[PDB]
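Just so you know, the protein sequences line up as chains X and S, in that order.
Numbered according to full-length UniProt numbering, the first sequence spans residues 163 to 435.
Numbered according to full-length UniProt numbering, the second sequence spans residues 162 to 436.
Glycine included, each C-beta is placed from N, C-alpha and C at the ideal position.
Encoded as structure tokens, the structure appears first; notes follow it.
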Amino acid sequence: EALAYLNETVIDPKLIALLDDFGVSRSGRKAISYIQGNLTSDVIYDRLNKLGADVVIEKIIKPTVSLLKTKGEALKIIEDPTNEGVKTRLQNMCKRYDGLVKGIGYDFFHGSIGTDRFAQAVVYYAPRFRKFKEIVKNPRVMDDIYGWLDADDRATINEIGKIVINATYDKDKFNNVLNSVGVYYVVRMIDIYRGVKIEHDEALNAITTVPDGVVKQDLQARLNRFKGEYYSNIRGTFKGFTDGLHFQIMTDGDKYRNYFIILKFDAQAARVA
Amino acid sequence: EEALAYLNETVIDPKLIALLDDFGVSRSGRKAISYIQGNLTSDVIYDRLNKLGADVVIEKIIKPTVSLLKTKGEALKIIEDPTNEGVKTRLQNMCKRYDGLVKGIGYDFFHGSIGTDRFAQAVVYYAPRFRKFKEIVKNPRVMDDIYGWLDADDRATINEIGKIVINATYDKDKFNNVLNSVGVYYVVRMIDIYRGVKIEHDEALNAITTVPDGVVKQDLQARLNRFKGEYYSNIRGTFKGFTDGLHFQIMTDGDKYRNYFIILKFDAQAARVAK
């Protein structure tokens with residue numbers, strides 16, 4: 163297809179057998195080699211076999227391909243010799259995003275996230291790659307964290323901001339944390355948060371659905387308990403960062419996301435009873 | 162101090178000022194204490210400084226910090242030079258990251274996780290890093306590489322860390338990619354931590370040599386080798402796991418191992434006296 167710049171693909175015949183059997187393109191095989199990262203041929207096979215080729219193609223390959231597309235399109239803007247000044251910097255960021263995506267890959271392959279999440283997660287980087295075009299136009303923007311972020315990204319950090327910024331903690335301490343950790347860690351946080359919020363909201367709907375009173379309110383206890391704990395972690399981590407206690411934003415996102423998921427299922431299961 | 166004149170910020174809390182006056186701390190010294198204070202409260206740094214005595218405070222806290230701030234001031238002059246408008250911002254941002262890291266050492270010190278020797282040892286790691294701006298402005302492309310920000314000492318340390326990490330399986334390019342992903346802020350901190358462990362291990366080495374050859378020398382010797390092993394293994398593991406997509410932080414658990422070596426040194430010395 164369009165993604166000619168790749169030229170790195172599966173060589174393992176067993177995987178090749180499941181990819182041909184699944185009926186995906188040369189384009190397809192390439193994309194899988196990309197997100198394969200340094201995970202073995204065999205383990206990529208092991209995950210994929212358990213799932214239907216049907217589910218696989220739309221949930222995994224399609225989304226990956228959308229990304230590789232927009233990355234090809236961004237790569238061009240680096241290659242352009244008008245952008246030689248900003249070239250190396252852009253390539254570096256490209257490598258960071260690459261690692262992050264391959265990580266979402268890793269996470270899906272070893273079973274930590276489902277197909278749905280994988281699809282949802284990988285698309286997060288599409289606007290980030292697309293952002294290169296805009297940045298080149300007036301380069302001074304790169305020395306800021308926000309210079310690298312689309313409006314969905316800014317929206318998400320502005321949400322986290324409203325969670326942490328308060329009387330005692332202002333826009334300045336917050337922005338300072340983000341400038342310290344860098345885009346790499348910032349976007350990772352963004353994604354992790356998005357996950358947590360999505361699953362929290364599904365648990366919300368599911369709980370509303372439960373017949374009024376009896377155990378319904380007991381569920382909303384857990385919902386509120388979990389939300390409080392998570393929001394607390396966000397504040398705790400940012401305060402701790404500004405205070406000098408630690409040098410890393412850690413929200414315990416994955417743990418809380420799983421908590422909301424279990425909760426959603428108990429709410430769906432209690433609607434029925 | 163004319164070198165600290167760019168600062169414009171110093172202790173306000175009057176009881177703290179009284180204690181610093183009781184100690185002989187200059188104006189500049191006040192300005193330094195205010196600097197490493199960060200967001201800690203005057204009560205906290207008062208509590209710490211009080212139990213220590215003017216001799217130690219002046220020599221291990223104030224003198225090193227003040228030297229550091231003089232350096233940071235030079236670096237600031239390079240930043241604000243109008244020639245360097247084009248890169249001004251990017252340097253200030255690094256300047257801020259470095260502030261944070263220093264205030265962190267401040268923090269560990271005030272809350273008792275490190276003592277005076279470590280504070281003075283660790284805080285001067287940053288002087289080269291600020292000085293480096295002077296060179297960086299002359300050839301701005303260097304900023305696009307993490308090694309562009311490292312001074313000679315930093316380079317040395319990284320090379321050494323590389324030798325611990327690089328394999329037939331894991332090569333110089335992979336190693337360099339994690340450095341670049343993580344950025345200078347995390348890279349320099351891993352360097353300080355590593356240096357602490359390395360320095361403590363050597364102290365523990367000497368202390369074991371001092372033990373009369375014999376009964377418990379071996380048992381201590383085992384610990385030294387085992388500990389070095391465990392640490393070096395943590396380093397390799399964290400880099401591999403990083404390029405493998407397993408995790409997104411370089412973490413060597415270095416503080417834990419610094420303490421292990423310090424305890425080991427103390428045990429070694431108590432053993433010299435007993436035997």
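A distance below 8 Å separates the beta carbons of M255/S and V345/S. For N420/S, none of the residues of chain X pass the 8 Å Cβ criterion, the least Cβ distance being about 17 Å. The beta carbon of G344/S sits closer than 8 Å to some beta carbon of chain X.
Against chain S, the beta carbon of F409/X has neighbours under 9 Å at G261, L262, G265, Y346, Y347 and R350, listed in chain order. The beta carbons of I352/X and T318/X sit closer together than 8 Å.
The beta carbons of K257/X and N341/S sit closer together than 8 Å.
Following the DSSP letters along the chain, one finds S189/S inside the alpha helix (DSSP H) bounded by residues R188 to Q198. For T232/S, the uninterrupted alpha helix (DSSP H) segment begins and ends at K224 to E241. Judged by beta-carbon spacing, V358/S lies within the 8 Å limit of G415/S, meaning their Cβ atoms are closer than that value. The C-alpha of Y418/S lies about 12 Å from the C-alpha of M412/S. If you check each beta-carbon in the segment 182-202 of chain S against every beta-carbon of chain X, the ones closer than 9 Å belong to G199, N200 and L201. Of the candidates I178/S, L210/S, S228/S and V217/S, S228/S places its Cα closest to the Cα of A164/S. Remark: C-beta atoms of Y286/S and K401/S do not approach each other more closely than 8 Å. Secondary structure note for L425/X: its alpha helix (DSSP H) is the uninterrupted segment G415 to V434. Rounded to whole angstroms, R433/S and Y393/S show a C-alpha spacing of 28 Å.
Here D315/S is buried. Its C-beta has 16 or more other C-beta atoms within 10 Å. For the segment 331-399 of chain X, the full-length alpha helix (DSSP H) segments reaching 4 residues or more read 333-343 and 345-371 along the chain. Legend: CB atoms of the segment 273-296 of chain X lying less than 8 Å from CB atoms of chain S are not found in any residue.
In this structure, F291/X lies near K233/X, with their beta-carbon atoms less than 8 Å apart. Selection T370/S, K324/S, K299/S and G375/S evaluated against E246/S yields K299/S as nearest (Cα-Cα). When the five nearest sequence neighbours on each side are left out, the beta carbons in the same chain lying within less than 8 Å of the beta carbon of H408/X are those of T399 and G402, in order along the chain. The beta carbon of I360/X lies closer than 7 Å to none in the same chain, with the five residues before and after it left out. Within chain X, the residues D305 have their CB atoms less than 7 Å from the CB of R251/S, given in chain order. The beta carbon of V372/X sits closer than 8 Å to those of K378, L381, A429, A432 and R433, all from its chain and outside the five residues before and after it, given in chain order. In its chain, beyond the 5 residues on either side, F336, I396, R397 and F400 have a beta carbon closer than 7 Å to the beta carbon of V326/X. Contact annotation: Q253/S and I240/S have beta-carbon atoms nearer than 8 Å.
Classified as exposed, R387/S has fewer than 16 neighbouring CB atoms from the shown chains inside 10 Å of its CB. One alpha carbon belongs to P225/X, the other to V339/S, and they sit about 26 Å apart.
Between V186/S and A383/X, the alpha-carbon positions lie close to 55 Å from each other.
Leaving aside the five residues that flank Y167/X on each side, the residues in its chain whose CB is nearer than 7 Å to its CB run, in chain order, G234 and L237. Looking only at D216/X, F422/X and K231/X, the smallest Cα-Cα distance to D363/X is reached by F422/X. Closer than 8 Å to the CB of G375/S there is not a single CB belonging to chain X. Around the Cβ of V217/X, a 10 Å sphere holds fewer than 16 other Cβ atoms; the residue is exposed.
For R258/X, the nearest beta carbon of chain S is closer than 8 Å to its own beta carbon.
The Cβ-Cβ distance between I206/X and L230/X does not fall below 8 Å.
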